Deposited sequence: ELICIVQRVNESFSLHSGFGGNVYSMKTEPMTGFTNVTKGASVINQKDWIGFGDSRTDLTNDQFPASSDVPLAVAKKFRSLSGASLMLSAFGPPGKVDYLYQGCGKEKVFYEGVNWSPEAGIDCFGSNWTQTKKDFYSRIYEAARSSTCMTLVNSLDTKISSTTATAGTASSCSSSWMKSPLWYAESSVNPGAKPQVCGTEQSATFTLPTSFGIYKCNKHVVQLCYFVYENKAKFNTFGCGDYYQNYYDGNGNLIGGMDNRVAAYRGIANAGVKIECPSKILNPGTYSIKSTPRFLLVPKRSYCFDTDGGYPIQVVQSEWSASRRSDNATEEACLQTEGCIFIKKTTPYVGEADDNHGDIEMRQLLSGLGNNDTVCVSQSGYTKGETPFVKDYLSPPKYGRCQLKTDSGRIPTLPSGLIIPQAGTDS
């Protein structure tokens, strides 16, 4: 009696081709799946990263950890002071906090700026600080994607030719002025029979700052705005002008009226525009209309040694106070930047303004020893190479790839019969 072991399958059994024969089975398990994604900030390398911050990241703050959106372990990785902002420290308005930011880290978190919103009610002839703000922070983010480190340069080398000149003050600027720019005036210039001599000035973007090296510098080439010639002439004579050339004499910024029209809002009187250019280190020259002079005095110093895309985090107040989203749109219109945004408003644990639950869980990624990618869509670990949806740029790291679930191959399971040969 011939006695076999016959193999056999149903209309519920399915074949699976291999390179080396094939296989039978009723069910399969997928080989891989997607990798969860977490909203917010995080970092792929914990010992090369730096945050710059404010009260919300300050541990010296008399109210920590209720006033903080981060744990301490994390708060140690920030260069914060309560009430600071990068902007204020670029200008040092009268009676503000003047923290010399300086850190070095490839991944960079920026979580400040609220400490100069409209609420700061800083005047000082500010044309539209929220504008100044946006253009400022952009050049910052523009320069911090390509830099390792950053430091405030809290005093620039400067000189004026005019020796009679004196320094400014405004009812509008708490009866003094900015730390930068510097403002110089001529008492004698009298539009009505005297118009004085043109003032010169020069200034030097240094090649280093202490241990920090300067390839590129973020400054403000500041000029005055007037409604018109007639408006201005009630002070000066002819056109207003204020101009910045380099060592060769090519013109970089400023506001020379003798070639372009006036643009000062009606009856707004005098204002100041403070657009931020990025300049190499070096000595730059200044020519102004005789009675007044303006001079850049601080800067932000960056290297060209390389950086990861940065993480800019939403820094507004609570509903009650007047904020703005000037660093959001700055992050948006700038390459290699990444915004972090709350879906709700800020609801503080110590103040109304300090200690948001959403933020704490947002910034909690900062956090972990095992983030592997960091995209505009949030951040992942390294479970699989795939994501259910695209990881939105800017991103860096071992970033996954959106594939459709129907393409993820599968592997046999449950009851399994081999196969081999034509069997015929």
Taking the deposited sequence from residue 1, the uncovered stretches are 192-194
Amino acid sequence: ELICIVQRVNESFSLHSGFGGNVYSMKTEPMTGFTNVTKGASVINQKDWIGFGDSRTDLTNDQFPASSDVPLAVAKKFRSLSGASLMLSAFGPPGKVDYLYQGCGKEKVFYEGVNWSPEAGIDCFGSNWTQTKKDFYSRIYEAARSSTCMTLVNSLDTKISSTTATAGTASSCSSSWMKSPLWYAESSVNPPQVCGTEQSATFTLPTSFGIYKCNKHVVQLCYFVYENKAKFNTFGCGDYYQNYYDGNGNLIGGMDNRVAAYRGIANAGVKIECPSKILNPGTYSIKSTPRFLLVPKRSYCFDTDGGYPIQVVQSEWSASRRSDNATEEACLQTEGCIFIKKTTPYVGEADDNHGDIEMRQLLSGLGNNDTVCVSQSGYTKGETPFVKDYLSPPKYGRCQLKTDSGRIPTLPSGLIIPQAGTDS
From here on, numbers count along this sequence of modelled residues.
Output the stretch having the higher mean C-alpha B factor in the entry; the candidates are 282-290 and 187-195.
187-195
Comparing mean C-alpha B factor in the record for 256-264 and 155-163, the higher one is 256-264
Per the PDB entry, maximal CA B factor within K134, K179, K342, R79
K179
For the listed residues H217, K231, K96, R298, which one has the largest C-alpha B-factor as given in the deposited model?
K231
For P30, does the deposited CA B-factor place it in the lowest, middle or highest third of the chain?
highest
For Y101, does the deposited CA B-factor place it in the lowest, middle or highest third of the chain?
lowest
Quick one: classify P275 as lowest, middle or highest third of the chain based on its Cα B-factor.
middle
State the tercile, meaning the lowest, middle or highest third, of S200 with respect to the CA B-factors recorded for its chain.
highest
Which third of the chain holds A73 when residues are ordered by C-alpha B factor: lowest, middle or highest?
lowest
